[PDB]
file structure-v3.tsv (TSV, N, CA and C atoms)
chain	number	residue	atom	x	y	z
H	252	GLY	N	35.45	-15.90	10.87
H	252	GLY	CA	34.49	-15.42	9.90
H	252	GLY	C	33.27	-14.79	10.56
H	253	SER	N	32.96	-13.56	10.17
H	253	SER	CA	31.82	-12.85	10.73
H	253	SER	C	30.53	-13.25	10.02
H	254	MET	N	29.48	-13.49	10.80
H	254	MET	CA	28.19	-13.88	10.25
H	254	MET	C	27.08	-12.97	10.77
H	255	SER	N	26.11	-12.67	9.91
H	255	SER	CA	24.99	-11.81	10.28
H	255	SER	C	23.87	-12.62	10.92
H	256	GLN	N	23.09	-11.97	11.78
H	256	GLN	CA	21.98	-12.63	12.46
H	256	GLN	C	20.80	-11.69	12.61
H	257	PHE	N	19.59	-12.24	12.53
H	257	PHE	CA	18.38	-11.44	12.66
H	257	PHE	C	17.95	-11.34	14.12
H	258	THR	N	17.07	-10.38	14.40
H	258	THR	CA	16.58	-10.17	15.76
H	258	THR	C	15.42	-11.10	16.08
H	259	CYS	N	15.71	-12.16	16.83
H	259	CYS	CA	14.68	-13.13	17.20
H	259	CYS	C	13.55	-12.45	17.97
H	260	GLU	N	13.90	-11.48	18.81
H	260	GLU	CA	12.92	-10.76	19.60
H	260	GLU	C	11.80	-10.21	18.71
H	261	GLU	N	12.17	-9.73	17.54
H	261	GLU	CA	11.20	-9.17	16.60
H	261	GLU	C	10.14	-10.21	16.24
H	262	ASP	N	10.56	-11.47	16.16
H	262	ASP	CA	9.65	-12.56	15.82
H	262	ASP	C	8.94	-12.28	14.50
H	263	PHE	N	9.72	-12.07	13.45
H	263	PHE	CA	9.17	-11.79	12.12
H	263	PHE	C	8.31	-12.95	11.64
H	264	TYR	N	7.25	-12.63	10.91
H	264	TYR	CA	6.34	-13.65	10.39
H	264	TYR	C	6.11	-13.46	8.90
H	265	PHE	N	6.54	-14.44	8.11
H	265	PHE	CA	6.38	-14.38	6.66
H	265	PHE	C	5.30	-15.35	6.19
H	266	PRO	N	4.79	-15.12	4.97
H	266	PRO	CA	5.24	-14.01	4.12
H	266	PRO	C	4.80	-12.66	4.67
H	267	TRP	N	5.72	-11.70	4.66
H	267	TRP	CA	5.44	-10.36	5.16
H	267	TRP	C	4.85	-9.49	4.05
H	268	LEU	N	5.43	-9.59	2.86
H	268	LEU	CA	4.96	-8.81	1.71
H	268	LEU	C	3.48	-9.06	1.45
H	269	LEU	N	3.09	-10.32	1.47
H	269	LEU	CA	1.69	-10.69	1.23
H	269	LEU	C	0.77	-9.97	2.21
H	270	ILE	N	1.24	-9.78	3.43
H	270	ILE	CA	0.46	-9.10	4.46
H	270	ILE	C	0.31	-7.62	4.14
H	271	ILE	N	1.40	-6.99	3.72
H	271	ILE	CA	1.39	-5.57	3.38
H	271	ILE	C	0.38	-5.28	2.28
H	272	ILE	N	0.44	-6.06	1.20
H	272	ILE	CA	-0.48	-5.88	0.08
H	272	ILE	C	-1.91	-6.21	0.49
H	273	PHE	N	-2.10	-7.39	1.07
H	273	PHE	CA	-3.42	-7.82	1.51
H	273	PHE	C	-4.05	-6.79	2.44
H	274	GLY	N	-3.23	-6.19	3.29
H	274	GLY	CA	-3.72	-5.20	4.23
H	274	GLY	C	-4.25	-3.96	3.53
H	275	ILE	N	-3.44	-3.40	2.62
H	275	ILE	CA	-3.83	-2.21	1.89
H	275	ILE	C	-5.00	-2.50	0.95
H	276	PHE	N	-4.94	-3.63	0.26
H	276	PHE	CA	-6.00	-4.02	-0.66
H	276	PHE	C	-7.34	-4.12	0.06
H	277	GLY	N	-7.32	-4.69	1.26
H	277	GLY	CA	-8.54	-4.84	2.03
H	277	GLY	C	-9.12	-3.50	2.46
H	278	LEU	N	-8.29	-2.66	3.06
H	278	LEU	CA	-8.72	-1.35	3.51
H	278	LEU	C	-9.17	-0.48	2.34
H	279	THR	N	-8.38	-0.49	1.27
H	279	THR	CA	-8.69	0.29	0.08
H	279	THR	C	-10.05	-0.09	-0.48
H	280	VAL	N	-10.24	-1.38	-0.74
H	280	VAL	CA	-11.50	-1.87	-1.28
H	280	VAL	C	-12.65	-1.65	-0.30
H	281	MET	N	-12.46	-2.11	0.93
H	281	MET	CA	-13.47	-1.96	1.97
H	281	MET	C	-13.89	-0.50	2.12
H	282	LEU	N	-12.92	0.40	2.00
H	282	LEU	CA	-13.19	1.83	2.12
H	282	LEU	C	-13.88	2.37	0.86
H	283	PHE	N	-13.40	1.93	-0.30
H	283	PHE	CA	-13.96	2.37	-1.57
H	283	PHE	C	-15.44	1.99	-1.66
H	284	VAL	N	-15.75	0.74	-1.35
H	284	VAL	CA	-17.12	0.26	-1.40
H	284	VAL	C	-17.99	0.96	-0.36
H	285	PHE	N	-17.51	0.99	0.88
H	285	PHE	CA	-18.24	1.64	1.96
H	285	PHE	C	-18.52	3.10	1.63
H	286	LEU	N	-17.47	3.82	1.24
H	286	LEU	CA	-17.60	5.24	0.90
H	286	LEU	C	-18.60	5.43	-0.24
H	287	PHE	N	-18.60	4.50	-1.18
H	287	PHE	CA	-19.51	4.57	-2.32
H	287	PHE	C	-20.95	4.35	-1.88
H	288	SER	N	-21.14	3.47	-0.90
H	288	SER	CA	-22.48	3.17	-0.39
H	288	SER	C	-23.12	4.41	0.22
H	289	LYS	N	-22.30	5.23	0.87
H	289	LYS	CA	-22.79	6.45	1.50
H	289	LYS	C	-23.03	7.54	0.46
H	290	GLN	N	-22.24	7.51	-0.61
H	290	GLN	CA	-22.37	8.50	-1.68
H	290	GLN	C	-23.65	8.27	-2.48
H	291	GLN	N	-24.11	7.03	-2.51
H	291	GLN	CA	-25.32	6.68	-3.24
H	291	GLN	C	-26.55	6.84	-2.36
H	292	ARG	N	-27.52	7.61	-2.84
H	292	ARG	CA	-28.75	7.85	-2.09
H	292	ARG	C	-29.96	7.89	-3.03
H	293	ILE	N	-31.15	7.83	-2.45
H	293	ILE	CA	-32.38	7.86	-3.23
H	293	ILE	C	-32.83	9.29	-3.50
H	294	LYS	N	-32.70	10.15	-2.49
H	294	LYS	CA	-33.09	11.55	-2.61
H	294	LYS	C	-32.02	12.34	-3.36
Q	252	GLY	N	38.03	19.69	-7.85
Q	252	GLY	CA	38.44	18.62	-6.96
Q	252	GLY	C	37.36	17.59	-6.75
Q	253	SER	N	37.37	16.94	-5.59
Q	253	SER	CA	36.38	15.92	-5.27
Q	253	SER	C	35.65	16.25	-3.97
Q	254	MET	N	34.38	15.87	-3.90
Q	254	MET	CA	33.57	16.13	-2.71
Q	254	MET	C	33.28	14.83	-1.97
Q	255	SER	N	33.15	14.93	-0.65
Q	255	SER	CA	32.87	13.76	0.18
Q	255	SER	C	31.40	13.37	0.09
Q	256	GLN	N	31.13	12.07	0.14
Q	256	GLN	CA	29.76	11.57	0.07
Q	256	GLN	C	29.38	10.85	1.36
Q	257	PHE	N	28.22	11.19	1.90
Q	257	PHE	CA	27.74	10.58	3.13
Q	257	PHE	C	26.34	10.00	2.94
Q	258	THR	N	25.85	9.29	3.96
Q	258	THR	CA	24.53	8.68	3.90
Q	258	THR	C	24.09	8.20	5.28
Q	259	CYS	N	22.78	8.03	5.45
Q	259	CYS	CA	22.23	7.57	6.72
Q	259	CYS	C	22.19	6.05	6.77
Q	260	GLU	N	22.95	5.47	7.70
Q	260	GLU	CA	23.01	4.02	7.85
Q	260	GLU	C	21.78	3.51	8.61
Q	261	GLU	N	21.52	4.10	9.77
Q	261	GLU	CA	20.38	3.71	10.59
Q	261	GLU	C	19.08	3.86	9.82
Q	262	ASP	N	19.01	4.88	8.97
Q	262	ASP	CA	17.82	5.14	8.17
Q	262	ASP	C	16.58	5.20	9.05
Q	263	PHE	N	16.50	6.23	9.89
Q	263	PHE	CA	15.37	6.41	10.79
Q	263	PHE	C	14.06	6.45	10.01
Q	264	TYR	N	13.93	7.44	9.13
Q	264	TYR	CA	12.72	7.59	8.33
Q	264	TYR	C	12.39	6.29	7.59
Q	265	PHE	N	11.12	6.12	7.25
Q	265	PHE	CA	10.67	4.93	6.54
Q	265	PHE	C	10.10	5.29	5.17
Q	266	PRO	N	10.99	5.69	4.25
Q	266	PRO	CA	10.60	6.07	2.89
Q	266	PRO	C	10.14	4.87	2.07
Q	267	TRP	N	10.84	3.75	2.20
Q	267	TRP	CA	10.50	2.54	1.47
Q	267	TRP	C	9.03	2.18	1.67
Q	268	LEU	N	8.57	2.25	2.91
Q	268	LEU	CA	7.18	1.93	3.23
Q	268	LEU	C	6.22	2.80	2.42
Q	269	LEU	N	6.49	4.10	2.39
Q	269	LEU	CA	5.66	5.04	1.65
Q	269	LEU	C	5.54	4.62	0.18
Q	270	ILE	N	6.61	4.05	-0.36
Q	270	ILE	CA	6.62	3.61	-1.74
Q	270	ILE	C	5.71	2.40	-1.94
Q	271	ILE	N	5.79	1.45	-1.02
Q	271	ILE	CA	4.97	0.24	-1.09
Q	271	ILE	C	3.49	0.59	-1.09
Q	272	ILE	N	3.08	1.44	-0.15
Q	272	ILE	CA	1.69	1.86	-0.05
Q	272	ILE	C	1.27	2.68	-1.26
Q	273	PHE	N	2.05	3.71	-1.57
Q	273	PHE	CA	1.76	4.58	-2.70
Q	273	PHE	C	1.63	3.77	-3.99
Q	274	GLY	N	2.47	2.74	-4.12
Q	274	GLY	CA	2.43	1.90	-5.30
Q	274	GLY	C	1.13	1.13	-5.43
Q	275	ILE	N	0.74	0.45	-4.36
Q	275	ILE	CA	-0.50	-0.32	-4.36
Q	275	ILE	C	-1.72	0.58	-4.50
Q	276	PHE	N	-1.70	1.70	-3.78
Q	276	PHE	CA	-2.81	2.65	-3.83
Q	276	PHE	C	-3.03	3.16	-5.25
Q	277	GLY	N	-1.93	3.45	-5.94
Q	277	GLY	CA	-2.02	3.94	-7.30
Q	277	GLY	C	-2.60	2.92	-8.25
Q	278	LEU	N	-2.05	1.71	-8.23
Q	278	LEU	CA	-2.52	0.64	-9.10
Q	278	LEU	C	-3.97	0.27	-8.78
Q	279	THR	N	-4.27	0.15	-7.49
Q	279	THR	CA	-5.61	-0.20	-7.05
Q	279	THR	C	-6.64	0.81	-7.56
Q	280	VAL	N	-6.40	2.09	-7.28
Q	280	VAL	CA	-7.30	3.15	-7.71
Q	280	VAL	C	-7.35	3.24	-9.23
Q	281	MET	N	-6.18	3.34	-9.85
Q	281	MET	CA	-6.09	3.43	-11.30
Q	281	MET	C	-6.83	2.27	-11.97
Q	282	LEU	N	-6.74	1.09	-11.37
Q	282	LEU	CA	-7.40	-0.09	-11.91
Q	282	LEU	C	-8.90	-0.04	-11.63
Q	283	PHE	N	-9.26	0.36	-10.42
Q	283	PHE	CA	-10.67	0.46	-10.03
Q	283	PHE	C	-11.42	1.42	-10.95
Q	284	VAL	N	-10.86	2.61	-11.14
Q	284	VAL	CA	-11.48	3.61	-12.00
Q	284	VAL	C	-11.54	3.14	-13.45
Q	285	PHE	N	-10.41	2.68	-13.96
Q	285	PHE	CA	-10.33	2.20	-15.34
Q	285	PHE	C	-11.33	1.08	-15.58
Q	286	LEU	N	-11.30	0.08	-14.70
Q	286	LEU	CA	-12.21	-1.06	-14.82
Q	286	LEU	C	-13.66	-0.61	-14.79
Q	287	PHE	N	-13.94	0.41	-13.98
Q	287	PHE	CA	-15.29	0.94	-13.85
Q	287	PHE	C	-15.72	1.65	-15.13
Q	288	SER	N	-14.78	2.33	-15.77
Q	288	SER	CA	-15.05	3.05	-17.01
Q	288	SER	C	-15.50	2.09	-18.11
Q	289	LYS	N	-14.90	0.90	-18.13
Q	289	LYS	CA	-15.23	-0.10	-19.13
Q	289	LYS	C	-16.41	-0.96	-18.67
Q	290	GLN	N	-16.53	-1.14	-17.35
Q	290	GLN	CA	-17.61	-1.94	-16.79
Q	290	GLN	C	-18.93	-1.18	-16.85
Q	291	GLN	N	-18.85	0.14	-16.85
Q	291	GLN	CA	-20.05	0.98	-16.91
Q	291	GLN	C	-20.02	1.89	-18.14
Q	292	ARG	N	-20.89	1.60	-19.10
Q	292	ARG	CA	-20.96	2.39	-20.32
Q	292	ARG	C	-21.93	3.56	-20.16
Q	293	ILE	N	-21.68	4.64	-20.89
Q	293	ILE	CA	-22.53	5.82	-20.83
Q	293	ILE	C	-23.45	5.90	-22.05
Q	294	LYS	N	-24.68	6.35	-21.82
Q	294	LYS	CA	-25.65	6.48	-22.90
Q	294	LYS	C	-25.08	7.29	-24.06
call {"tool": "encode", "arguments": {"input": "structure-v3.tsv", "output": "structure tokens"}}
result
Amino acid sequence: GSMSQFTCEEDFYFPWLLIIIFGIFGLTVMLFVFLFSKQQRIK
Amino acid sequence: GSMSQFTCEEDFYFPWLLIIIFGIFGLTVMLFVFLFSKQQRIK
């Protein structure tokens, strides 16, 4: 019987999906807020 | 008659990834703007 196996070398770390979302959410928000701070001025 | 069907097994390109990011980016932005429209009323 043939069995499938993952690449240990890769050393996958889960949850992976949570990282993908958390990563984009952080950059998106951090960028949105930061970019907005520069867009807002007194003059 | 009939035509042969082929496909990429190795799947070099990373289209799935583009979907994950595009998906979050859309919801994040769409939500940010929408939420802002209701969070900020106009005179």
call {"tool": "calpha_fit_and_write", "arguments": {"input": "structure-v3.tsv", "fixed": "chain H", "moving": "chain Q", "output": "PDB file with N, CA and C atoms, keeping the file's coordinate frame"}}
result
ATOM      1  N   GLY Q 252      34.567  -0.093  11.071  1.00  0.00           N
ATOM      2  CA  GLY Q 252      34.671  -1.502  10.737  1.00  0.00           C
ATOM      3  C   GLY Q 252      33.391  -2.064  10.175  1.00  0.00           C
ATOM      4  N   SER Q 253      33.166  -3.359  10.378  1.00  0.00           N
ATOM      5  CA  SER Q 253      31.966  -4.019   9.882  1.00  0.00           C
ATOM      6  C   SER Q 253      31.205  -4.702  11.016  1.00  0.00           C
ATOM      7  N   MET Q 254      29.883  -4.735  10.897  1.00  0.00           N
ATOM      8  CA  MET Q 254      29.040  -5.358  11.917  1.00  0.00           C
ATOM      9  C   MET Q 254      28.428  -6.648  11.386  1.00  0.00           C
ATOM     10  N   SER Q 255      28.204  -7.599  12.289  1.00  0.00           N
ATOM     11  CA  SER Q 255      27.620  -8.886  11.913  1.00  0.00           C
ATOM     12  C   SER Q 255      26.116  -8.760  11.709  1.00  0.00           C
ATOM     13  N   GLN Q 256      25.585  -9.513  10.752  1.00  0.00           N
ATOM     14  CA  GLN Q 256      24.154  -9.487  10.463  1.00  0.00           C
ATOM     15  C   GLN Q 256      23.523 -10.850  10.733  1.00  0.00           C
ATOM     16  N   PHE Q 257      22.412 -10.848  11.454  1.00  0.00           N
ATOM     17  CA  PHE Q 257      21.711 -12.079  11.783  1.00  0.00           C
ATOM     18  C   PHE Q 257      20.245 -12.000  11.362  1.00  0.00           C
ATOM     19  N   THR Q 258      19.533 -13.124  11.485  1.00  0.00           N
ATOM     20  CA  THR Q 258      18.128 -13.180  11.111  1.00  0.00           C
ATOM     21  C   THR Q 258      17.479 -14.460  11.630  1.00  0.00           C
ATOM     22  N   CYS Q 259      16.151 -14.440  11.741  1.00  0.00           N
ATOM     23  CA  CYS Q 259      15.409 -15.600  12.219  1.00  0.00           C
ATOM     24  C   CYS Q 259      15.058 -16.528  11.066  1.00  0.00           C
ATOM     25  N   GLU Q 260      15.599 -17.746  11.103  1.00  0.00           N
ATOM     26  CA  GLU Q 260      15.351 -18.730  10.055  1.00  0.00           C
ATOM     27  C   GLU Q 260      13.980 -19.388  10.253  1.00  0.00           C
ATOM     28  N   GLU Q 261      13.743 -19.900  11.455  1.00  0.00           N
ATOM     29  CA  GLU Q 261      12.479 -20.552  11.774  1.00  0.00           C
ATOM     30  C   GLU Q 261      11.310 -19.607  11.557  1.00  0.00           C
ATOM     31  N   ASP Q 262      11.524 -18.326  11.840  1.00  0.00           N
ATOM     32  CA  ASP Q 262      10.487 -17.315  11.678  1.00  0.00           C
ATOM     33  C   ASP Q 262       9.212 -17.729  12.397  1.00  0.00           C
ATOM     34  N   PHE Q 263       9.267 -17.765  13.727  1.00  0.00           N
ATOM     35  CA  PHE Q 263       8.122 -18.145  14.540  1.00  0.00           C
ATOM     36  C   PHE Q 263       6.922 -17.256  14.232  1.00  0.00           C
ATOM     37  N   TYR Q 264       7.073 -15.957  14.479  1.00  0.00           N
ATOM     38  CA  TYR Q 264       5.995 -15.007  14.234  1.00  0.00           C
ATOM     39  C   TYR Q 264       5.476 -15.129  12.798  1.00  0.00           C
ATOM     40  N   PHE Q 265       4.233 -14.717  12.591  1.00  0.00           N
ATOM     41  CA  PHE Q 265       3.617 -14.774  11.272  1.00  0.00           C
ATOM     42  C   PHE Q 265       3.256 -13.377  10.772  1.00  0.00           C
ATOM     43  N   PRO Q 266       4.286 -12.593  10.426  1.00  0.00           N
ATOM     44  CA  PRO Q 266       4.104 -11.227   9.929  1.00  0.00           C
ATOM     45  C   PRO Q 266       3.486 -11.202   8.536  1.00  0.00           C
ATOM     46  N   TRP Q 267       3.930 -12.100   7.666  1.00  0.00           N
ATOM     47  CA  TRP Q 267       3.419 -12.175   6.307  1.00  0.00           C
ATOM     48  C   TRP Q 267       1.894 -12.259   6.304  1.00  0.00           C
ATOM     49  N   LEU Q 268       1.350 -13.101   7.170  1.00  0.00           N
ATOM     50  CA  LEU Q 268      -0.099 -13.271   7.264  1.00  0.00           C
ATOM     51  C   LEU Q 268      -0.787 -11.937   7.548  1.00  0.00           C
ATOM     52  N   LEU Q 269      -0.258 -11.199   8.518  1.00  0.00           N
ATOM     53  CA  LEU Q 269      -0.812  -9.904   8.886  1.00  0.00           C
ATOM     54  C   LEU Q 269      -0.883  -8.975   7.668  1.00  0.00           C
ATOM     55  N   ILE Q 270       0.093  -9.096   6.777  1.00  0.00           N
ATOM     56  CA  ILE Q 270       0.137  -8.275   5.584  1.00  0.00           C
ATOM     57  C   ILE Q 270      -0.978  -8.655   4.612  1.00  0.00           C
ATOM     58  N   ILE Q 271      -1.174  -9.952   4.425  1.00  0.00           N
ATOM     59  CA  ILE Q 271      -2.212 -10.451   3.523  1.00  0.00           C
ATOM     60  C   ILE Q 271      -3.585  -9.958   3.954  1.00  0.00           C
ATOM     61  N   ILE Q 272      -3.896 -10.115   5.240  1.00  0.00           N
ATOM     62  CA  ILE Q 272      -5.176  -9.676   5.777  1.00  0.00           C
ATOM     63  C   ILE Q 272      -5.312  -8.162   5.720  1.00  0.00           C
ATOM     64  N   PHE Q 273      -4.315  -7.463   6.252  1.00  0.00           N
ATOM     65  CA  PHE Q 273      -4.321  -6.008   6.269  1.00  0.00           C
ATOM     66  C   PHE Q 273      -4.497  -5.449   4.857  1.00  0.00           C
ATOM     67  N   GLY Q 274      -3.875  -6.117   3.883  1.00  0.00           N
ATOM     68  CA  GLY Q 274      -3.979  -5.679   2.505  1.00  0.00           C
ATOM     69  C   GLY Q 274      -5.391  -5.779   1.961  1.00  0.00           C
ATOM     70  N   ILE Q 275      -6.004  -6.943   2.128  1.00  0.00           N
ATOM     71  CA  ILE Q 275      -7.369  -7.157   1.658  1.00  0.00           C
ATOM     72  C   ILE Q 275      -8.364  -6.280   2.405  1.00  0.00           C
ATOM     73  N   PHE Q 276      -8.182  -6.188   3.721  1.00  0.00           N
ATOM     74  CA  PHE Q 276      -9.068  -5.374   4.551  1.00  0.00           C
ATOM     75  C   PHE Q 276      -9.053  -3.917   4.101  1.00  0.00           C
ATOM     76  N   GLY Q 277      -7.860  -3.418   3.787  1.00  0.00           N
ATOM     77  CA  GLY Q 277      -7.728  -2.045   3.345  1.00  0.00           C
ATOM     78  C   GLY Q 277      -8.415  -1.789   2.025  1.00  0.00           C
ATOM     79  N   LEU Q 278      -8.126  -2.625   1.033  1.00  0.00           N
ATOM     80  CA  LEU Q 278      -8.723  -2.483  -0.288  1.00  0.00           C
ATOM     81  C   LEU Q 278     -10.240  -2.671  -0.227  1.00  0.00           C
ATOM     82  N   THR Q 279     -10.672  -3.695   0.503  1.00  0.00           N
ATOM     83  CA  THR Q 279     -12.089  -3.986   0.642  1.00  0.00           C
ATOM     84  C   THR Q 279     -12.844  -2.791   1.228  1.00  0.00           C
ATOM     85  N   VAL Q 280     -12.376  -2.303   2.375  1.00  0.00           N
ATOM     86  CA  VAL Q 280     -13.001  -1.166   3.036  1.00  0.00           C
ATOM     87  C   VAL Q 280     -12.896   0.089   2.178  1.00  0.00           C
ATOM     88  N   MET Q 281     -11.679   0.407   1.751  1.00  0.00           N
ATOM     89  CA  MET Q 281     -11.444   1.579   0.921  1.00  0.00           C
ATOM     90  C   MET Q 281     -12.341   1.564  -0.319  1.00  0.00           C
ATOM     91  N   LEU Q 282     -12.545   0.381  -0.882  1.00  0.00           N
ATOM     92  CA  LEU Q 282     -13.380   0.236  -2.067  1.00  0.00           C
ATOM     93  C   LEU Q 282     -14.858   0.337  -1.696  1.00  0.00           C
ATOM     94  N   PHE Q 283     -15.235  -0.306  -0.602  1.00  0.00           N
ATOM     95  CA  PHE Q 283     -16.625  -0.279  -0.135  1.00  0.00           C
ATOM     96  C   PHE Q 283     -17.080   1.153   0.130  1.00  0.00           C
ATOM     97  N   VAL Q 284     -16.276   1.895   0.885  1.00  0.00           N
ATOM     98  CA  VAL Q 284     -16.602   3.279   1.205  1.00  0.00           C
ATOM     99  C   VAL Q 284     -16.627   4.151  -0.047  1.00  0.00           C
ATOM    100  N   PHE Q 285     -15.572   4.061  -0.840  1.00  0.00           N
ATOM    101  CA  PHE Q 285     -15.469   4.844  -2.072  1.00  0.00           C
ATOM    102  C   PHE Q 285     -16.649   4.566  -2.989  1.00  0.00           C
ATOM    103  N   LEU Q 286     -16.901   3.281  -3.233  1.00  0.00           N
ATOM    104  CA  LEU Q 286     -18.008   2.879  -4.102  1.00  0.00           C
ATOM    105  C   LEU Q 286     -19.334   3.402  -3.578  1.00  0.00           C
ATOM    106  N   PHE Q 287     -19.473   3.422  -2.253  1.00  0.00           N
ATOM    107  CA  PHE Q 287     -20.694   3.895  -1.615  1.00  0.00           C
ATOM    108  C   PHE Q 287     -20.855   5.400  -1.800  1.00  0.00           C
ATOM    109  N   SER Q 288     -19.744   6.121  -1.762  1.00  0.00           N
ATOM    110  CA  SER Q 288     -19.751   7.570  -1.931  1.00  0.00           C
ATOM    111  C   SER Q 288     -20.287   7.954  -3.310  1.00  0.00           C
ATOM    112  N   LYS Q 289     -19.940   7.151  -4.317  1.00  0.00           N
ATOM    113  CA  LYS Q 289     -20.376   7.410  -5.678  1.00  0.00           C
ATOM    114  C   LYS Q 289     -21.741   6.771  -5.942  1.00  0.00           C
ATOM    115  N   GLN Q 290     -22.012   5.653  -5.260  1.00  0.00           N
ATOM    116  CA  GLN Q 290     -23.277   4.952  -5.427  1.00  0.00           C
ATOM    117  C   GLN Q 290     -24.405   5.703  -4.729  1.00  0.00           C
ATOM    118  N   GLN Q 291     -24.060   6.465  -3.705  1.00  0.00           N
ATOM    119  CA  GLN Q 291     -25.055   7.240  -2.958  1.00  0.00           C
ATOM    120  C   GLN Q 291     -24.733   8.736  -3.005  1.00  0.00           C
ATOM    121  N   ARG Q 292     -25.554   9.486  -3.729  1.00  0.00           N
ATOM    122  CA  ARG Q 292     -25.354  10.922  -3.853  1.00  0.00           C
ATOM    123  C   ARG Q 292     -26.078  11.674  -2.737  1.00  0.00           C
ATOM    124  N   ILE Q 293     -25.550  12.835  -2.367  1.00  0.00           N
ATOM    125  CA  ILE Q 293     -26.146  13.648  -1.317  1.00  0.00           C
ATOM    126  C   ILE Q 293     -26.918  14.830  -1.906  1.00  0.00           C
ATOM    127  N   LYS Q 294     -28.047  15.154  -1.283  1.00  0.00           N
ATOM    128  CA  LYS Q 294     -28.871  16.265  -1.741  1.00  0.00           C
ATOM    129  C   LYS Q 294     -28.048  17.542  -1.881  1.00  0.00           C
TER     130      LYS Q 294
END
call {"tool": "interface_residues", "arguments": {"input": "structure-v3.tsv", "of": "chain H", "to": "chain Q", "cutoff": "8 Å", "atoms": "all atoms listed in the file", "output": "ChimeraX atom specification"}}
result
/H:271-272,275-276,279-280
call {"tool": "atom_distance", "arguments": {"input": "structure-v3.tsv", "atom1": "atom C of residue H:287", "atom2": "atom N of residue H:270"}}
result
26.8 Å
call {"tool": "select_by_dssp", "arguments": {"input": "structure-v3.tsv", "residues": "chain Q", "states": "alpha helix (DSSP H)", "output": "PyMOL selection string"}}
result
chain Q and resi 266-290
call {"tool": "atom_distance", "arguments": {"input": "structure-v3.tsv", "atom1": "atom C of residue H:291", "atom2": "atom C of residue Q:286"}}
result
19.4 Å
call {"tool": "atom_distance", "arguments": {"input": "structure-v3.tsv", "atom1": "atom CA of residue H:288", "atom2": "atom CA of residue Q:278"}}
result
21.9 Å
call {"tool": "decode", "arguments": {"input": "structure-v3.tsv", "residues": "stretch 282-294 of chain Q", "atoms": "C-alpha atoms", "output": "CSV table (one decimal), in the first residue's frame"}}
result
chain,number,residue,atom,x,y,z
Q,282,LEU,CA,-15.4,46.9,5.2
Q,283,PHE,CA,-13.1,49.8,6.2
Q,284,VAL,CA,-14.7,52.2,3.7
Q,285,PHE,CA,-18.2,51.0,4.4
Q,286,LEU,CA,-17.7,51.1,8.2
Q,287,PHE,CA,-16.3,54.6,7.8
Q,288,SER,CA,-19.3,55.8,5.8
Q,289,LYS,CA,-21.6,54.8,8.7
Q,290,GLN,CA,-19.1,55.8,11.4
Q,291,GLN,CA,-18.7,59.3,9.9
Q,292,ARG,CA,-21.9,61.2,9.1
Q,293,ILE,CA,-21.9,64.2,6.7
Q,294,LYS,CA,-23.6,67.5,7.5
